[PDB]
Trainee: 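So that we are looking at the same thing, I have put the structure below in structure tokens.
Heads up: numbering here begins at 1 and tracks the sequence. Hydrogens, waters and symmetry mates are skipped; everything else that's a heavy atom, side chains included, is used. All ligand and atom numbering here is 1-based and tracks the order in the structure.
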Amino acid sequence: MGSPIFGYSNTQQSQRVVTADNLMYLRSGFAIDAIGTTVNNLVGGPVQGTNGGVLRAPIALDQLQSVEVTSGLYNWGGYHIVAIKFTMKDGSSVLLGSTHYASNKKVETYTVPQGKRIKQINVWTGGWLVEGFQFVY
Ligand SMILES: CC(=O)N[C@H]1[C@H](O[C@H]2[C@@H](O)[C@H](O)[C@@H](CO)O[C@@H]2O)O[C@H](CO)[C@@H](O)[C@@H]1O
């Protein structure tokens, strides 16, 4: 029915439906600031002051093979998802976020089953960073 919940799920859950474009959008910097499925519906912290991260190139979810999600105690506070490495079906990968500004880190690895379309992304945020996310089929 879906992937595990990566990271943590204690904060507020928002749900984002994957459109026909099959795209996942993120804002990231030293951690993961926001996740969405369009440029307009990202869930996470606001862009204010020096916070919010940068909007990255979208992840093509139909070309996605696996994720490597790093979570830990972020240096500026709290447990969140701080880095995600997306590995595509061609063997290339993109690393968003960082593993260098957090301690007490854990790594969760998950491979999208062949021929299963991700229809929805659940995201847990407390209004600053992304604490967790989940793929749903
Ligand atoms: C590494 C990076 O891309 N830094 C960008 C920086 O990110 C800040 C902050 O905005 C983020 O919320 C946190 C957590 O990811 O990390 C850093 O502290 O934001 C700048 C603009 O706000 C960008 O110019 C930096 O590239």
Trainee: Going by the atom numbers of ligand 1, which of them fall below 4.0 Å from some non-hydrogen atom of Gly53?
Mentor: 9 (C), 10 (O), 11 (C), 12 (O)

Trainee: When you group the ILVMFWY residues by side-chain heavy-atom contacts below 4.5 Å and let the links chain together, are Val18 and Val43 in the same group?
Mentor: yes

Trainee: Under a 4.0 Å heavy-atom limit, does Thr50 contact ligand 1 with its side chain, its backbone, both, or neither?
Mentor: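 Answer for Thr50: backbone.
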
Trainee: Can you check whether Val54 has an N/O within less than 3.5 Å of an N/O in ligand 1?
Mentor: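 Min N/O separation from ligand 1 is not below 3.5 Å for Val54.
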
Trainee: Which value, rounded to the nearest 0.5 Å, describes the distance between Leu55 atom CG and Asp33 atom CG?
Mentor: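 Nearest 0.5 Å value for the CG-CG distance: 11.0 Å.
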
Trainee: Need the ligand 1 atom indices (1-based, order shown) with element for anything under 4.0 Å from a heavy-atom of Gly52.
Mentor: 9 (C), 10 (O), 11 (C), 12 (O)

Trainee: Are the side chains of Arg27 and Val47 in touch, meaning some heavy atoms are under 4.5 Å apart?
Mentor: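 A side-chain contact exists here, since the closest heavy-atom pair is under 4.5 Å.
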
Trainee: Is the closest side-chain donor-acceptor distance between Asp90 and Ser92 under 3.5 Å?
Mentor: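 Yes, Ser92 and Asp90 have a side-chain donor paired with an acceptor closer than 3.5 Å.
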
Trainee: Under a 4.0 angstrom heavy-atom cut-off, which atoms of ligand 1 come close to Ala31?
Mentor: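 The list of qualifying atoms is 14 (C), 15 (O).
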
Trainee: For ligand 1, note which part of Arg56 has a heavy atom under 4.0 Å away: side chain, backbone, both or neither.
Mentor: side chain

Trainee: Tell me if the aromatic rings of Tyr79 and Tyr74 count as close, with their centers under 6.0 Å from one another.
Mentor: no

Trainee: Taking atom types as modelled, is there a side-chain donor on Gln134 or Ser3 under 3.5 Å from an acceptor on the other?
Mentor: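 There is no such pair (donor and acceptor under 3.5 Å, judged by atom type) between the side chains of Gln134 and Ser3.
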
Trainee: Looking only at distances, please establish whether an N/O atom of ligand 1 is found under 3.5 Å from an N/O atom of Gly49.
Mentor: no

Trainee: Just let me know how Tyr74 lines up against ligand 1, side chain, backbone, both or neither, with a heavy-atom cut-off below 4.0 Å.
Mentor: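 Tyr74 to ligand 1: side-chain contact only, backbone stays beyond 4.0 Å.
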
Trainee: For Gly29, is at least one N or O under 3.5 Å away from an N or O on ligand 1?
Mentor: yes

Trainee: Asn51 heavy atoms, cut-off 4.0 Å: which ligand 1 atoms fall inside?
Mentor: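 So the answer, numbered in order with elements, is 9 (C), 10 (O), 12 (O).
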
Trainee: Determine, step by step, whether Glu68 and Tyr110 satisfy the side-chain contact (heavy atoms from CB on, under 4.5 Å) criterion, reporting the C-alpha distance in whole Å, the side-chain angles of both residues, the deciding distance to 0.1 Å, and the verdict.
Mentor: CA-CA 7 Å; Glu68 191 174 79; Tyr110 176 79; over 6 Å; no

Trainee: Is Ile32 close to ligand 1, meaning an N/O of one under 3.5 Å from an N/O of the other?
Mentor: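 It does not: no N or O of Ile32 is found under 3.5 Å from an N or O of ligand 1.
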
Trainee: Suppose I only count heavy atoms of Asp33 and a 4.0 Å limit; which atoms of ligand 1 are within that range?
Mentor: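 Checking each atom against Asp33, I get 11 (C), 12 (O), 13 (C), 14 (C), 15 (O).
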
Trainee: Can you confirm whether or not the ring centre of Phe6 sits under 6.0 Å from the ring centre of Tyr8?
Mentor: no

